[PDB]
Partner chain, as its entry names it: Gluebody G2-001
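A lone chain, given as structure tokens: the form solved without the partner chain.
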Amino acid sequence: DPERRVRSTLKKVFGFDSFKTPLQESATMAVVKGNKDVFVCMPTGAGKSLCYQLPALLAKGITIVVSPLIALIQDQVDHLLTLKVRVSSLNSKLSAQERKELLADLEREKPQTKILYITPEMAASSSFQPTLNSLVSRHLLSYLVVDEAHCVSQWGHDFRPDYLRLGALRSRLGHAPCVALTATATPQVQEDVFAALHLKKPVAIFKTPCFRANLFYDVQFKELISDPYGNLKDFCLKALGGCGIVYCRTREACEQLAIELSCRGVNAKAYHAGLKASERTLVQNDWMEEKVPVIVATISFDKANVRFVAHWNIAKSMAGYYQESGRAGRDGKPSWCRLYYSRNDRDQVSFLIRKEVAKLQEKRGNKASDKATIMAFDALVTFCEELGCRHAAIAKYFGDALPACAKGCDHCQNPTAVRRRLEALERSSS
């Protein structure tokens, strides 16, 4: 009865009566089985570390975990140690005796070390190769875990050439299943992970869908609104009856909107990097304690009663838009997400990204991530100019199945209304 073995370890070691979600449960059970290569794709804070930390304790041998930096490794090592777990870390920070003590333990016929954290540079080093081959030869390797697996991809936010060497390492240890985990949900990133880590097919996939049922999405065209500040004021008031957010691009527009909304009868405090750090925490504290309902911001600081998120200007990427609008309705109660779109604002953001790209190119030459940045923006322009379900467009971008939008977006609420606003936009060009 492995379910019972898992359930007892969950309580006695990790001190938990249940799994956070059933997907965390299915993922953990699939890693325990040990018959296939596993891919875990869940949001940050969804309990991905347990999906591999728990099975490692129930396996006969050692689990090797690859992670990008020592700072993040140390946090994971310090955490497991308090649970009285036999966790170790082979890195550059180790003193002469420390490394000698750890290398000796691994050379024992029955080593004490159950979980070993290493950086990719260390995994692929010729000096680590005698240790690894001995473990493979003695059938002492139970799992190979690749955390932050999106690091293999130039289509992700954190490309690391060191992660590309991990494919050849994985190929050398066939007996041991491989576990790959990330929060990045795009299909190109998933495809890069499967190919770069030389994963064995069929891969067991545990993917949290990006769909958020309680969010009402709409797109309004600033060009066709006689009183723009009046529309934002209406939207802000109607959504309440908690708190709400308004995003904009400039410090100028951030100040204009904060004063402009306070005049209409909706108390708004401007938040940007131009202000003093003393004032930053002050404005933050007041929005958190509901003294001020609206925060107009260009930058960010997690409030649970966010009833609205309004984007005064188009965001820089589809992933950025998903994350910023995603700050709404964390309590599960109904919330509203509006993106105010104009072709001039599109031309402005596009120009800004192209300069930022040329600045990186002047600094370090050409890279394949240069094209990804333009495509991440053009996917958001497509969403703004598209006629279709707002939730189905997000699902398609993140490789999810069609979501059950029960009149949960402007297009689904009334497709004719979205069509008339779009026709007026297309005609205005002539």
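Just so we're on the same page, rigid core means the largest C-alpha set that superposes within 1.5 Å between forms. Residue numbers count along the first chain shown, from 1.
There is also a form solved in complex with the partner chain; it is not shown, and the following applies to it.
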- Message: Counting any non-hydrogen atom inside 4.5 Å, which residue from 386, 370, 378, 400 sits next to the partner chain in the bound PDB entry?
- Response: 400
- Task: State the residue from 320, 326, 187, 228 whose non-hydrogen atoms include one within 4.5 Å of the partner chain in the bound PDB entry.
- Result: 187
- Message: Is residue 334 near the partner chain? Define near as a heavy atom within 4.5 Å, in the bound PDB entry.
- Response: no
- Message: Under a 4.5 Å heavy atom criterion, is residue 194 part of the interface with the partner chain in the bound PDB entry?
- Response: yes
- Task: Indicate whether the partner chain has at least one heavy atom within 4.5 Å of a heavy atom of residue 202 in the bound PDB entry.
- Result: yes
- Heavy atoms within 4.5 Å of the partner chain in the bound PDB entry: does residue 207 have any? yes
- Message: Residues 23, 26 and 396 are flagged as a possible site; in the bound PDB entry, is every one of them within 4.5 Å of the partner chain by some non-hydrogen atom?
- Response: yes
- Among 250 to 258, 194 to 202, 279 to 287, 347 to 355, the stretch whose residues bring a heavy atom within 4.5 Å of the partner chain in the bound PDB entry is 194 to 202
- Message: Core-aligned, between this form and the one not shown, one residue among 280, 354, 249, 200 moves its CA by 2 Å or more. Tell me which.
- Response: 280
- Message: Given a core-based superposition, decide whether the C-alpha of residue 399 shifts by 2 Å or more between this form and the one not shown.
- Response: yes
